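Asker: Let me begin by handing over the structure; questions about it come next.
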Amino acid sequence: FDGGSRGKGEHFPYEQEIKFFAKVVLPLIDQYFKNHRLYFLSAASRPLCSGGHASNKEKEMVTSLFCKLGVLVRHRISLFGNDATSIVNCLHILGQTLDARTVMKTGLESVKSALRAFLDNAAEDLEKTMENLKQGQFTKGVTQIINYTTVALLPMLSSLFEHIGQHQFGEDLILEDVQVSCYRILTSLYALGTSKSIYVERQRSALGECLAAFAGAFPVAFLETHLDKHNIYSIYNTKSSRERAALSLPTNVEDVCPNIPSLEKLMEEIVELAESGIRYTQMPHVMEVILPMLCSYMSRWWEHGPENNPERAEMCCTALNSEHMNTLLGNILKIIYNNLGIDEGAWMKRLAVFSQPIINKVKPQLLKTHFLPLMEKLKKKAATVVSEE
């Protein structure tokens, strides 16, 4: 259709075939993988002990179908007859049904390379979005790429990353050069989130949520680049100097991601901006993207934080602290409450949903006598949009 559609005709004889595909195959795929989500996901962890351990070949073919549908949907949102939402839903459910640990360790090379190429293509498309959205708005091709990104690429990547983070598949999925592609993805997402452009205004929320999911999917402490030597999964540690130099790498794990600040610098700028109490419209970027990123990152890295493993200390990947999350949560509430007088917004609700894991890891004995200011400030306010707990 792409080959012949530019020469003489827009309507082609396979219209019956494509109409059957769109009207039948996609909806049945979505419904089937929604009904039997747990059957494929169950592997040696015994969910639904009644039975239903899907075979490794089944998992491999599921992943291959996911990759093939991603390739099909790439850069072709307008070609589909307004069912691109249906393809996105199918890709969402397949992302929830993926089984990375089993597929990666036991899978066929074509499927492995197909997943790697899907990740690489996503990174390349995000880089293309960077380059157009920054260096030039004038060209319809770049507009089509931006539309494809916003419509499909962000939700699909967000769902896949959230699944990987919640099932801890990253440690076996992202090992070599997929590490590099996801580094490029992280740079793309942060640059888009922090971009000054008027165009990003509509997709700030989706970008922020996708980057928050990426923070929990990522198995490398990118925020704290000083204790990367203790991390065993780091591409710098595993890849060795010769191979890291052969690859397109900065050779400095501290300089591998310049634009993103460190966890510390981010943290005192958060607390300083909270003390200043600047209104939300002046810097939507922080409260809409950066804070959820911090919550997801610290929620993921707390169990690797020194307190949760007193043994092997000073070999921890991160240096997270109970008072670190306490200060983060206190700053979050303080800035919500300083911004809660001017015309409010749903972004408080989104940030509260994002910060819910933080208050869950916060000890209840910490909650009493410390966050009582939160509840009293809730109630003495005549009306508060924020739904706590």
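Identifiers in this document derive from the order of the structure tokens: chains are assigned A, B, ..., residues are numbered from 1 separately in each chain, and ligands are numbered from 1 in order of occurrence.
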Write out as a PyMOL selection string all residues of range 53-137 of chain A that backbone DSSP assigns to helix (DSSP H, G or I).

Answerer: chain A and resi 56-73+84-97+100-105+109-135

Asker: Near residue 216 in chain A, counting only C-alpha atoms, which residues have an atom at most 6 Å away, once you skip same-chain residues fewer than 5 positions from it, shown as a list in words?

Answerer: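 Returned residues: residues 165, 296, 297 and 300 of chain A.
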
Asker: Write out as number ranges by chain each polymer residue whose atoms come within 10 Å of range 114-130 of chain A, counting only C-alpha atoms; drop sequence neighbours fewer than 6 positions from it.

Answerer: A: 63-68, 70-71, 74-75, 104, 136, 142-143, 145-150, 153-154, 157, 173-174, 176-189, 191-192, 195

Asker: Would you list the contacts of residue 275 in chain A as JSON, numbers by chain, taking every protein, DNA or RNA residue within 9 Å and counting only C-alpha atoms, but skipping same-chain residues closer than 4 positions in sequence?

Answerer: {"A": [270, 271, 331, 334, 335]}

Asker: Could you work out how far CA of residue 368 in chain A lies from CA of residue 274 in chain A, giving the answer in Å with one decimal?

Answerer: 22.7 Å

Asker: Excluding residue 194 in chain A and its own-chain neighbours fewer than 3 positions away, which residues fall within 12 Å of it when counting only C-alpha atoms? Please give them as a PyMOL selection string.

Answerer: chain A and resi 130+134+187-191+197-198+200-201+203-205+207-208+211+259-261+283-290

Asker: Mind checking which residues fall within 9 Å of range 105-109 of chain A, counting only C-alpha atoms, ignoring those fewer than 4 positions away in the same chain, and posting them as a PyMOL selection string?

Answerer: chain A and resi 56-57+59-60+100-101+113-114+172-173

Asker: Write out as a ChimeraX atom specification the residues lying within 8 Å of residue 54 in chain A, counting only C-alpha atoms and excluding same-chain residues fewer than 2 positions away.

Answerer: /A:39-43,52,56,58-59

Asker: Using only C-alpha atoms for the distances, tell me which of A:5, A:360, A:89, A:135 is nearest to residue 28 in chain A.

Answerer: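 Closest candidate: A:89.
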
Asker: Mind pulling up the distance from CA of residue 292 in chain A to CA of residue 231 in chain A?

Answerer: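 Interatomic distance here is 23.7 Å.
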
Asker: For the atom pair CA of residue 366 in chain A and CA of residue 328 in chain A, what is the interatomic distance in Å to one decimal place?

Answerer: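 Answer for the CA of residue 366 in chain A to CA of residue 328 in chain A separation: 13.8 Å.
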
Asker: With only C-alpha atoms as the basis for distance, which of A:151, A:220, A:358, A:170 is at the shortest distance from residue 202 in chain A?

Answerer: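 Nearest candidate to residue 202 in chain A out of A:151, A:220, A:358, A:170: A:151.
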
Asker: Which one of A:36, A:138, A:370, A:49 sits closest to residue 97 in chain A if you count only C-alpha atoms?

Answerer: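 Smallest separation from residue 97 in chain A among the options: A:36.
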